[PDB]
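Coming up are structure 1 and structure 2: the same protein chain in two forms, each one given alone as structure tokens.
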Structure 1
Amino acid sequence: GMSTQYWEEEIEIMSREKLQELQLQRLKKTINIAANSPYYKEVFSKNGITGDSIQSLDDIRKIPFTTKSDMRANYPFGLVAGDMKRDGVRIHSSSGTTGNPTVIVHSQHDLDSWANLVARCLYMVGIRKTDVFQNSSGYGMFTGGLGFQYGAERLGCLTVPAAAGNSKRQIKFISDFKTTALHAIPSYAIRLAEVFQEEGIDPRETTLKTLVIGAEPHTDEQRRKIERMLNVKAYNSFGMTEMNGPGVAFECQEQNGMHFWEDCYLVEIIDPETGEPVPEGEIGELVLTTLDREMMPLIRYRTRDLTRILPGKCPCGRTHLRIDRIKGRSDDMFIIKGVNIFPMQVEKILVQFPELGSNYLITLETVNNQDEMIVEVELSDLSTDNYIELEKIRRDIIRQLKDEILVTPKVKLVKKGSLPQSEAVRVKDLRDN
């Protein structure tokens, strides 16, 4: 409380009364901006949403939800509200070519707001400009790459844009550049600790002090295991491309719930069936509204993420609400190696091969603390192909899947009728979650 340091004290410890008037002011502004987009112009016209519709924060429930299906239907720029040709500076797109992906368009204001939120998060968990920050997240279209890169530079850290994989090079950068802060997915942080002891280095005797872990569900125990293996303090990091990427919700040094930055987001916990707000503190679907986005704001977006608001004041002194861990989702999406994948993306690739049967199964397992994706697909007795030709097709399946879902899966061609029958195709998740 008294010894707690803040990036933006006036906002981070702002009274609930002053937070409510800030959210209402930014909510009205967001709706007036969003009304310029072809999608929300249509939505507001059909539901009688005008400039007088929002007088309180509860009036947001007059506006219907924004679903992923709606966003896919308006791909690529149906929800763009600003002047993209003049002020649009970046596009963040989701994976795929078999279906319409998700596109978020940002202006310079939007990138600066996002970079400030990431800097706020990093400063909160004790990271300073004197720290050496290494980002093991994939770059390019992945928001974790450029997101933490801009945020850590804004804070003033000596950044190490290592990007994904090559654990020996990751260990080399930590040892030679004296890395103190590291961003990694929980399973990769365990892999790095393992690679340290393979190279004859004690994973507890490095320059590492702080770890930022996210992109996928993990228990408090899995985080405590990471903390013991590397002799560090690990903090839960929440984000999604739709909400910028990282910097949305983050743990404080109390490591009890993730503080949601309510100055930039309006949080709603809704019953996934009725679509009504859940009783205070119960598990429901996370529904979010951007409050500082201008190029492409999102109003009441159904994230399909399940969580709850943790009650009571936090001893760090911050007034921004805390959410519990995200354990699962209300949709059919699965996360492997921190990458979001829909089972339809896999099916749309497999159906193109006439040598394959219709029956397929996706299995998610943990092998040596690392997550693996196994795609079993039955053979069609219609093919006249021998071993050499079928193996070439199996390698072509791996390659086309890798390009679509942005992860390399294990593909096994199984006997016709070997896989069990159910009748939508299920994803068998055998991981400890």
Structure 2
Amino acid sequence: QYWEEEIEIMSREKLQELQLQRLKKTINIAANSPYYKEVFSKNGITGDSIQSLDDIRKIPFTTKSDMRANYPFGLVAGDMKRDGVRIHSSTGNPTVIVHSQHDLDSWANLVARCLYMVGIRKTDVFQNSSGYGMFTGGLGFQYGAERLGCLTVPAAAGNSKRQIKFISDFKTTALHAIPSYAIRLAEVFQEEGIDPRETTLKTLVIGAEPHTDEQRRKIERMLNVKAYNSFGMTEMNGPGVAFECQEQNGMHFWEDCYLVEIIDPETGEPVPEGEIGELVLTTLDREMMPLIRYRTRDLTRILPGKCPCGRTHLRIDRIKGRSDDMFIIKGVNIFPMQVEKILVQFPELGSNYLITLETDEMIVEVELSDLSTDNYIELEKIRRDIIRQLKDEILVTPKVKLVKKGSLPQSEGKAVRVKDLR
């Protein structure tokens, strides 16, 4: 079942002419913003420059530095005073995105499309544990779930006792939470004397944080739910950008509203088909403030072949991480997902871990699991196996410490996996 079958299963040929029509429209609109008027002027970008989807490569990339330099409204193309109805924001000077009613409705429709794809219906009780206000996850899932017709529960962030009360009393069936907060809720259910596997919950929507497939499976087993990967960023509206189908194998990118490129961070050229590179995105249905070839700093790849769900829209792999998550120790580049890929395979460990960098030495603290009935000798042998598998993957020997369950701190938002004290 599809929210918009004509688009979701649209032929690649028809998708291409839709992308080209909307790419030309986006460029004509964006030409009215002070920023893209100047960019187009200096690079000879006119109304005749785009004749094919490949002609987008004539236009230079938009970086986060360019957006900071033109903060707050240098990239606003429309009439903000008359048609601008919302401002959202993403250390530093946060960037803002300005939306028109058109832009909000397009965003809401994409979120309803995503929720419907993973089996959520108007009969579902949808609870949003994302922060509201300026955070796109709040109003983003709120409008999308109301668009679909769910009985929504705008719980917002924190207060786990109240979250559990709403789930129990309102019979919540669909929940939006960051993966680490979903684990925290399952723990508070047990603390309050409720079996986290015997609630009314059926579907979880998890995003914002990089996480392994096994981290998601741990969440699924903990709460007896089906959990789906949700991709988004403020620059691209917020949620509803890319989402897993019921196949749970790659996130379908809505190519009617986004032009996806996977560029080599060194050369600035497209990577060979299916290789890892920087995700570079162009809005195709945004009017107040469109973004052209925006360098997301997110590393991923395009998963090949058509998906068994019948949707023609391309699938991206699990986000490897963001460029700013990468840390260097002893001249060697390491991503925290490399450390998680190893830790999740050990069932004696918990889901909370912390990487500390000191003067260079790398410390990997990871909480012990409650299920563990292991003694010192057997747990110390497991700790030795971890230092070893970490030395083989990250190519540096870290210090590994098995810590008490609950000893590591829990973040208000996205969990902080790296503490650089150098």
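Residue 1 is the first residue of structure 1, and the numbers go on in sequence order from there. Heads up, when I say rigid core I mean the largest set of C-alphas that superpose within 1.5 Å between the two forms.
- Comparing the rigid parts between structures 1 and 2, the hinge point among 330, 347, 49, 224 is 330; every other option is more than 12 positions away from any hinge.
- Think of the chain as two rigid blocks: between structures 1 and 2, the small block swings through 159° with respect to the big one.
- We note a C-alpha movement of 0.2 Å at residue 282 between structures 1 and 2, with the rigid core held in register.
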